[PDB]
Amino acid sequence: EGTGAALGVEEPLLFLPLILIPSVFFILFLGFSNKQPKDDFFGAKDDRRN
């Protein structure tokens, strides 16, 4: 093409799978993140990861 539209989105229907599939796995990622330790560790690479 070469028009230059941001993210190749000329058609507005392409914001359907671009805003949903990240926010489907984001809710899955929040199921992992909310069950974590949330304690300021020291050193690097904390490995509790419940």
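Be aware that the sequence shown starts at 60, since it is given in the deposited numbering, and climbs by one per residue.
Just so you know, even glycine gets a beta-carbon here, dropped at the ideal spot from N, CA and C.
Residue i vs residue j beta-carbon contact at 8 Å
i              : j            : result
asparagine 109 : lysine 94    : yes
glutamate 70   : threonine 62 : no
Residue i Cβ short of 7 Å to the ligand MN heavy atom set
i            : result
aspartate 98 : By its list of ligands, the structure shown contains no ligand whatsoever, and the ligand MN lies outside what it can speak to.
Next on the checklist: Please give me, in chain order, every unbroken run of the alpha helix (DSSP H) with length at least 4 that falls completely inside the region 63-108.
Outcome noted: DSSP runs (the alpha helix (DSSP H)) wholly in the region 63-108: 75-78 and 80-92.
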